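Student: sequence, then the experimental structure. Questions to follow.
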Amino acid sequence: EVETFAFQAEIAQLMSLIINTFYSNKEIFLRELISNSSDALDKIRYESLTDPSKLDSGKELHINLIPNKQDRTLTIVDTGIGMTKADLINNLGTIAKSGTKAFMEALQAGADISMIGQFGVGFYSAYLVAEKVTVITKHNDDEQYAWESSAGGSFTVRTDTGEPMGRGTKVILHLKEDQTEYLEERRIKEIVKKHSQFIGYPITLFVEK
């Protein structure tokens, strides 16, 4: 059972801008997704302060970066609060309509695409480097779901029968053929050191056979 949805027009506009604008500084996608993971980890940490059972679905709070050159994917995994089905459908838990409005206005007041995270829609910077994005998520309180979009104005949601996550979110970036530098260990390390050096959770870069 796969449900197909239309993006809100403003989000489709955001995605088209990200995909079609000439903008060389694509590496910021990774900063933005790691920032989103950190925010999600902060949320489940805060809930656990008053209700330890919130971590029954997993104690460890971390971020894993998993490159796979055979599949041409970069996966960002976190054990944060996750997303419900409703959150996924509602623009992956963002206020993306108002955020896009503000970001558009800013690109007119001088801003550039690297500022996207200040408008709460940093997730969509994934489409700087990905032709398709899959988001697998599990929130306490809902089942595990898979969201997917290749852009083009629609996304799908389905129950995920894949490998169970206990809690959190996995963003699978199906990289564009000319963006495979983001699978290289030395490039990923460089970007994490440059942009994510004060993230308060362990970031583990997996290596490949």
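Tutor: Received it, and whenever you're ready, just let me know what you need. Residues are numbered from 1 along each chain as shown.
Student: quick one, strands of this protein?
Tutor: Here the chain has its strands, by DSSP state E, at 2-6, 63-68, 73-78, 130-138, 145-151, 154-159, 168-175, 203-205.
Student: any chance of those in a markdown table with distance to residue 26 as columns?
Tutor: The way it works is simple: take the backbone N, C-alpha and C, and place the C-beta from them, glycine included. Shown next, in a markdown table, are the strands of the chain (distance: least, CB to CB, whole Å):
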| stretch | distance to residue 26 |
| --- | --- |
| strand 2-6 | 27 |
| strand 63-68 | 16 |
| strand 73-78 | 12 |
| strand 130-138 | 10 |
| strand 145-151 | 15 |
| strand 154-159 | 22 |
| strand 168-175 | 11 |
| strand 203-205 | 19 |
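Student: which residue is the nearest non-sequential neighbour of residue 172?
Tutor: residue 134 (4.1 Å; CB to CB, 6 or more residues apart in numbering).
Student: who touches the one you found in this structure?
Tutor: 146-148, 170-172, 174 (CB atoms under 8 Å, 6 or more residues apart in numbering).
Student: which one of the residues you listed is nearest to residue 112?
Tutor: Nearest to residue 112 out of the contacts of residue 134 is residue 171 (CB to CB; 22.8 Å).
Student: that closest one contacts residue 130, doesn't it?
Tutor: No: in this structure, residue 171 is not within contact of residue 130 by CB atoms under 8 Å, at 9.1 Å.
Student: in the protein, what residue sits furthest out from the centroid?
Tutor: In terms of distance from the mean C-alpha position of the chain, residue 50 ranks first, at 27.3 Å (CA atoms, centre = their mean).
Student: wait, which of the strands of the chain is closest to residue 37?
Tutor: strand 73-78 (3.6 Å).
Student: now do the buried residues in the longest helix belonging to the chain.
Tutor: Identified as the longest helix of the chain according to DSSP state H is helix 28-50. Buried residues in helix 28-50, defined by neighbour count with 16 or more other CB atoms under 10 Å: 28-38, 40-41, 44-45, 48.
Student: just stretch 190-205 next, same as before
Tutor: 191-192, 195-196, 199, 201, 203.
Student: same thing with stretch 142-152?
Tutor: Buried residues in stretch 142-152, defined by neighbour count with 16+ other CB under 10 Å: 144-151.
Student: quick one on the thing from earlier: look up how far residue 19 lies from the residue nearest to residue 172.
Tutor: Distance of residue 134 to residue 19, given as CB to CB, to the nearest Å: 17 Å.
Student: how about residue 32?
Tutor: From residue 32 to residue 19 the distance is 15 Å (CB to CB).
Student: nothing else from me, thank you.
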